[PDB]
Each structure stands twice: as C-alpha cells, then as structure tokens.
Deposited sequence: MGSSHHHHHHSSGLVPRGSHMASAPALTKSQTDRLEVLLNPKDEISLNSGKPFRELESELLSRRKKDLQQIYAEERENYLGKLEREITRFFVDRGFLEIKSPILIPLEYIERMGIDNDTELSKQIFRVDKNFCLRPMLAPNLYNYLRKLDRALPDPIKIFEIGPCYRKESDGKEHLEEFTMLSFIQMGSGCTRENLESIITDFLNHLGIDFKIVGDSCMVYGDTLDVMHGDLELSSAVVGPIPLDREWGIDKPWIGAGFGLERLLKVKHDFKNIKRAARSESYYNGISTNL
C-alpha cells in the first residue's frame, strides 16, 4: 500500500538531493537508500576525509587572508556585559535568545563585540585600513528549526578606516559568493541583507553607527556576518539546515543512522 508518513520521514532522512510512489515497498526503498548512503560515506573515507563545515571554514579563511584580512580567533564564552553593551536590551528579540553561563558569562550570539574590541586595539598598531575577520561557533535559542540552528557558525569580516564604502562592501560580498558558487541578491548607517531566495545568508552594515562610540570606535567601517551552515545548505541543496550542522546525526549531509 501507500507509504506511511513515518516511513516517508525515514526515507527522507536517507534521501540526498539528486538521488532519484512506486510498486516498491518501504523495506526495499529503505534498503536501497541505506546502501547508497553507506557508499557515500565509504567514498569520503577512501578519498578526501574532510568535513564540509571544517572545509568551508578553511576555504573562507583562505579567501579573506588572501584579500588582506587578519584571521582572528577570539573567545566563544564572553562576558554577559558585552550583550548589553551591544545595545541588546530586553526590547530586542535577541535578549531572549542568549544562552547564559554562570553569573557573568554567555555563549556569544554573534562575533561583533569581540571584533569591536580587536578593531580598537589593533588601530594602535596597524596601518589604515584595518581589515579583520573571524569564523567560529555562535549560539542562539531559536524556536524555528528549518533555517535556524541553536549552535551555528558565523563568518564576520570588517574593514575600518579608508575605503569603507557601500560599493566596496557589496564588491567583497559579490566576489566572495561568486567564489563559493552561491547565487544571491543584495537587498537594501546602511543595512543590507544578502538573500538566497527567501533565505538570509548575511546581514551587512555600512558604518559608522552610533553604537561604535560605546566600543571606542570613531572611524568609518564596513562589515558583514554570514552563517556557514546556511551557505552549506544552499551550496549542497540540503532541504533542512540540520544536514549542515555540527551533528551526531549527519555527516557531510549524510545520515549517520544507517
């Protein structure tokens, strides 16, 4: 007879985007998909052995290092006061999304506060313009599940000082996404969102903005923040973002429950 909804969910777990009702019962559809997915893992294991998320991070790192941006690795566990100093008050959606740790810390929901601090300190040492980027874990409590992870990975890059125009911002974005092979449109201090269909890949900002002064920043700047799992989702055409996440249930978008 027809597939149950539960059986269809199970097959959808094992289904990869360009695999492709029939006289075929569940048992045989499942056995066929199990066989294909095991072979996919075997092929990764025999050849490249790289995780997509780690690999994307290395590729993005190369891109920005080669374009003059300094690679930052800053804390993931940050002072809780950075959150209010970011102007995230009980008025904003974000205030409710913070994972708190102990009395005085939290998991960073974005890279911005640490990068603000790096911008100010590095301005004492480095010639104009100051170009930096970080890639790493960020955390947000989320109700939604298809485009949101509670544990995700952000790329943020910033240029500060000379050349901080909207055109140069859009140009970096454009070179970046064409380099990765990802289709996009830019939709618009100035605040621009980089969209893939209805999926937000990035929020980008042309500074200065009034918030800067809280962080001791008094120069023009441009920057953007990207979700790596969203980039992976689009690039590999995963229909659920959980296939692109740090996970025990998926490896390079392949189910590990085989």
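Asks: I have the full deposited sequence and the modelled structure. Can you tell me which residue ranges, counted from 1, have no C-alpha coordinates?
Replies: Deposited residues absent from the model fall in 1-24, 45-47, 216-221.
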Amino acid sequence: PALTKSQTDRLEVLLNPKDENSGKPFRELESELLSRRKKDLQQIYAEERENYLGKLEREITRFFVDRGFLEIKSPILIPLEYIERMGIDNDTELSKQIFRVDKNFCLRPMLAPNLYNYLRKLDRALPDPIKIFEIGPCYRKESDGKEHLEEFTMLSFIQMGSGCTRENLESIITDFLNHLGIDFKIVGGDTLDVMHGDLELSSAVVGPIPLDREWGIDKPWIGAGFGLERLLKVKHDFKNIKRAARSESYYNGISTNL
From here on, numbers count along this sequence of modelled residues.
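Asks: Of the two stretches 52-60 and 209-217, which shows the higher Cα B-factor on average in the entry?
Replies: Between 52-60 and 209-217, it is 209-217.
Asks: Please work out which of 11-19 and 242-250 has the higher mean CA B-factor as recorded in the PDB entry.
Replies: Per the PDB record, 11-19.
Asks: In the PDB entry, which of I132, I76, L122, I88 has its C-alpha at the highest B-factor?
Replies: The listed residue with the largest C-alpha B-factor is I88.
Asks: Sorting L41, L70, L232, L201 by Cα temperature factor from the record, which one lands on top?
Replies: When the deposited C-alpha B-factors of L41, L70, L232, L201 are compared, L201 is largest.
Asks: Would you mind checking where the Cα B-factor of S171 ranks among the modelled residues of its chain, as the lowest, middle or highest third?
Replies: Ranked within chain, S171 CA B lands in the middle tercile.
Asks: With respect to C-alpha B-factor, does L155 fall in the lowest, middle or highest third of the chain as deposited?
Replies: Its C-alpha B-factor, which the entry lists for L155, ranks in the lowest third among residues of this chain.
Asks: Tell me, lowest, middle or highest third: where does the Cα B factor of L177 rank within its chain?
Replies: It belongs to the middle third of the chain when residues are ordered by C-alpha B-factor.
Asks: If you rank every modelled residue in this chain by C-alpha B factor, which third holds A224: lowest, middle or highest?
Replies: Within its chain, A224 is a middle-third residue by C-alpha B-factor, going by the deposited values.
Asks: Among all modelled residues of this chain, ranked by Cα B factor, put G136 in the bottom, middle or top third, i.e. lowest, middle or highest.
Replies: It belongs to the lowest third of the chain when residues are ordered by C-alpha B-factor.
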